[PDB]
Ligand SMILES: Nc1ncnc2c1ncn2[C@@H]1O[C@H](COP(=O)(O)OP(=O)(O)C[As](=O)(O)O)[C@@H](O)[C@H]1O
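Have a look below at one chain only, the form deposited without the named molecule, in structure tokens format.
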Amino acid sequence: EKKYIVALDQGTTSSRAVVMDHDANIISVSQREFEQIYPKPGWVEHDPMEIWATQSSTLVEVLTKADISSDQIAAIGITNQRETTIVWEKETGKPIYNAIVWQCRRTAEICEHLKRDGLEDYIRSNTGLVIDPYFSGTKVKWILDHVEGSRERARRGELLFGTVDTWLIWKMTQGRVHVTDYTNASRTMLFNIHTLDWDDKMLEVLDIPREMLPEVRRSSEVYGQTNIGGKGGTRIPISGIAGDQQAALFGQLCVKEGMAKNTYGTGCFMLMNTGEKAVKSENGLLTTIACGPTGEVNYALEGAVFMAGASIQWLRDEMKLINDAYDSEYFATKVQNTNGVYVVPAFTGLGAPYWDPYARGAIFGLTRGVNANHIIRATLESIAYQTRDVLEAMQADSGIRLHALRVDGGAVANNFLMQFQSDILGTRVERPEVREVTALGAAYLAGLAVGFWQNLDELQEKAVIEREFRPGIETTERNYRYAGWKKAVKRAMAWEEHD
């Protein structure tokens, strides 16, 4: 029959495809890296086309390599990099511009007019968001103010707007379906999370043809089908969608209130489930939409960090300093400290809870006797520091201090990081065996919508902490070590020039 479920994981640097069974086991994984584009220092674009091709070709790769047929597939699950924005010709199916990645700082000016006009409170109250270039909203308008006759064609409904989810599905369903999810929508900055519907002022204000928005839907649900050839008569129902950090909250089973995870991908993402109730932050955090225990709408507090595993990949690729992302640890463990150095990975602004799109990355505390290692290690340490940073925003908004931090992601593998991570917070860190929880979540979500599993409790014992790390460092020390960060942090601030 249909014994398998597939999760497409559209990430910021690579596209992935995973394959599970009823037991919730990965049978297969494929992954293809795509290119980053920086046409101006501060900007990041992606080829929607390249987003497509990779995802597709990976989908195939996982099956084909497994000797798995279109028919054994119960359903498709879709997770994606949260905020990147594409817009294309409804006819051609052709994008009228590159995708603008969630990290681009190009709409800073625009954010500025928002600011000026006094939309902060509304936006904050209505969206859970903050005005930063981080969001879809500003980006849309841009491509719009950029492409010559675009607004017209847009109203005339000739142009389409989409998040990565929306783009994958549509290409997937030949153009048939044009939908999006709750989790996704909530990041667009054009969507009212109370109303649960678009937001007129917001559209208004941004000036964006309503004609172009997809349609929000539940996270767990059937939206279409796909024909990926095979035998004929076979169609695969696509029935699960979630902005990736949320999928990862779900995949961790943080379905109840006060439940939180840390995710270490390109960036770092921490989120707490705030239940049926939506908390407003005072600590530089974002209110957003997560998944109830049934795919139903829940609310979350979330703290976003622009640079986590990307920093490492900068060291490898750009800096050519490690010649294996795990070399990182190798190098970093070759020193007992950083010799006073600090790295500030504000490559794409600050973001949280600082929210400083003018901040650029930086190195501090340089002395003649500082070596690469010290730099590598500092770079690692920077991840941890950022975490503590949000982790604190949290307790402050919530009044709870985690007992242990549950994490996940690719970098979690780095035991140096994990340990350090523990040392700095003064908390226990628990590492599972499966750190691809994001794709689990999408699987999970999609499976539900079609029988696959019938309830969360099915999955309740699948997830297991492969490892728990505990702090082996002095408060005093921890504190101290945190003190310089903060100081470095501020110095990173406002580098960039806003006229």
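Residue positions are given as counts along the sequence shown, with the first one as 1.
Although not depicted, the form solved in complex with the named molecule is the subject of the following passage.
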property	result
Listed residue that, although the named molecule is not shown, lies within 4.5 Å of it in the deposited complex (heavy atoms), from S136, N262, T288, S328	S328
Interface residue in the deposited complex among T266, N273, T387, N184, criterion: non-hydrogen atom within 4.5 angstroms of the named molecule	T266
Options 107 to 115, 194 to 202, 150 to 158, 311 to 319; stretch whose heavy atom lies within 4.5 Å of the named molecule in the deposited complex	311 to 319
Heavy atom of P237 within 4.5 Å of the named molecule in the deposited complex	no
The named molecule contact at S382 in the deposited complex, heavy atom, 4.5 Å	no
Distance check, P95 to the named molecule in the deposited complex, heavy atom within 4.5 Å	no
4.5 Å heavy atom contact, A411 and the named molecule in the deposited complex	yes
Contacts with the named molecule in the deposited complex - residues in 11 to 32 whose heavy atoms fall within 4.5 Å	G11, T12, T13, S14
